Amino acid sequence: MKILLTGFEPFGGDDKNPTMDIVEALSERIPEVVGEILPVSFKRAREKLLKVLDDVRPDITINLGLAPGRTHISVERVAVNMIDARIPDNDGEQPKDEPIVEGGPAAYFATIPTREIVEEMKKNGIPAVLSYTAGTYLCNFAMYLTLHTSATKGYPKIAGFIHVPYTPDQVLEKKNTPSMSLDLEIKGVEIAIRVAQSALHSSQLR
């Protein structure tokens, strides 16, 4: 089984994006994991994401993103067919009210076992919650494209998106801004991978 784990480069004024640290950490420890960091660019991310999906043909894909300001790890359930950039991307583009895929469904539900993943994280002492909006920026963009490729091409078999809070080192000068240790974030994503992996495996042994 091959597992694609994607992350994103820094953006919006912050010099770091912890998803890069997570992807690097887990790809190094879990051999079945293939890591790819996407640029915060609608144009370039679309090309890069679709290319890796095609080249790797992963069985499972879990997209990662940083959610500045969130307090818990968020396991996304809904990807919407909409681009509405409240801020420009790293290339300066700021598209609004444009579909991600012309004629595609208004939304796609995540296919990895989202609730099971959230409960497993909590059992391990990790603050986690289900989320019904992944935003309408690059994160939602990657989530939708991944689920759309699954629905139309058959790969990955299942997929989802996980948002993580700022790590402590990112909020030293940010008042009233929540954070979560990198170690907990890595553990949470590791749990997400394993739970999705187990779920898919058992559905293939029937």
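We number the residues from 1 along the sequence you see.
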Item checked: Mean Cα B-factor comparison, 32-40 or 65-73, giving the higher one as deposited -> 32-40
Checklist line | Segment of higher mean CA temperature factor, 91-99 or 130-138 | finding: 91-99
Next item on the list: Would you mind checking which of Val52, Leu26, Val164, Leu147 has the top Cα temperature factor in the PDB entry?
Entry: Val52
Note to self: Quick check on the deposited entry: does the C-alpha B-factor of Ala106 sit in the lowest, middle or highest third of its chain?
What the structure shows: lowest
Next item on the list: Would you please rank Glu185 by its C-alpha temperature factor against the other modelled residues of its chain and give the third it falls in: lowest, middle or highest?
Entry: lowest
Next item on the list: Would you please rank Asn17 by its C-alpha temperature factor against the other modelled residues of its chain and give the third it falls in: lowest, middle or highest?
Entry: middle
Next item on the list: Quick one: classify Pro156 as lowest, middle or highest third of the chain based on its Cα B-factor.
Entry: middle
Margin query: Quick check for you: using the entry's CA B-factors within this chain, is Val56 in the lowest, middle or highest third?
Written below: highest
